């Protein structure tokens, strides 16, 4: 089959022949907005280009952007380990048109790359597409120009039950370029639970969203009002891991080449006994986020981005501990991570030791309170009559043991236990008021 690295190459090449300028992936730290926690999409570095504020010598580009969706408007952290298609760290294979080609060529390029016997050649019967309800052009293009069956062109209205809370209307974040979009889904077939988009069981992992194609029409200014973009443009992202799963004839992103090997490296250093465990996937994912974030200059901390990183690190250590890790293990996964990435882990080779060091200190510190905190937790769980852990307990784990609220929640989740988040909030606010009183 085509390997992950081969797929990334083919994609960039294909769009290069179609006149797309290959641009280097930006860092996970976004200096284009301070507003933004981490790079969450390939279009981020081109945000101001779509607006017309930032000007380039190319009218189309193509990138393989590294993204972390662990925060803000794009937060997939809690999905990690429960689906076979979600990561914190993942790569977006995307093509961009700035004032150049619009819908017809955008859809044509996508179909060509996916279906062509000469490129990488998915079964046509398997593919499904979605369009925004109002998008008649897109529908007609798929139906007439491409030749897709009407039964497989699902229209999606503002179906999240707010104007337009739509899977087919994509917005950058709180502000920025946006517009209706069309998505390409692949059927991994009958054995997986799940139905097509717009269907009750649309969330299930059978029909996977491979490629989103956003027709950039509008800009969201500040206030809610939606001004038009100077020139209609195209923004697409195909998930490298998800398409690799299709091409490599697997169903889970965690069965693709680089995850097969990465999970084995996790089993080695944790003493894990079976390779089909939730925690192995979680750790394999988290090492990608943490290692790359640090390599891009994010130092673990208690403030802002550093804290999100710290949280992910600690959550990963917690899983390793559960698997039976006898000693510091997390930093040992940097090496194997560098191998299974190669071209894409460039910056990560430069600093390897700096990253291994940061990840080592971090785990070494959390381990100082980890197991004692887990005991505190287990005690309190037994005292529980109900399915909800009191907020005071959650606050104690945070205040004393350095357990981020979501980490505690992740532990309780595995036992069908909720954590009373209102109480945690109350306890947290009560300390801010004590700090405010004492300090004045």
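Numbering follows the first chain given and starts at 1.
Chemist: Which is higher in the entry, the mean Cα B factor of 270 to 278 or that of 212 to 220?
Modeler: Taking the mean C-alpha B-factor of 212 to 220 and of 270 to 278, the larger value falls to 270 to 278.
Chemist: Do the CA atoms of 341 to 349 or those of 301 to 309 have the higher mean B-factor in the entry?
Modeler: It is 341 to 349.
Chemist: At the C-alpha atoms, which of 180, 177, 71, 147 reaches the highest B-factor in this entry?
Modeler: Within the set 180, 177, 71, 147, 147 shows the top C-alpha B-factor.
Chemist: For the C-alpha B-factor as written in the entry, point me to the maximum among 94, 161, 99, 320.
Modeler: Of 94, 161, 99, 320, 161 has the highest C-alpha B-factor.
Chemist: C-alpha B factor of residue 56, ranked within the chain: lowest, middle or highest third?
Modeler: Within its chain, residue 56 is a middle-third residue by C-alpha B-factor, going by the deposited values.
Chemist: By its CA B factor, does residue 133 count among the lowest, middle or highest third of the modelled residues in the chain?
Modeler: It belongs to the highest third of the chain when residues are ordered by C-alpha B-factor.
Chemist: Should residue 384 be placed in the lowest, middle or highest third of its chain by the C-alpha B factor in the entry?
Modeler: Answer is highest: the recorded C-alpha B-factor places it there.
Chemist: Determine, from the deposited record, the chain-internal third of the Cα B-factor for residue 412: lowest, middle or highest.
Modeler: According to the entry, residue 412 has a C-alpha B-factor in the chain's middle third.
Chemist: Based on the deposited C-alpha B factors for this chain, I'd like to know if residue 31 is in the lowest, middle or highest third.
Modeler: Highest third.
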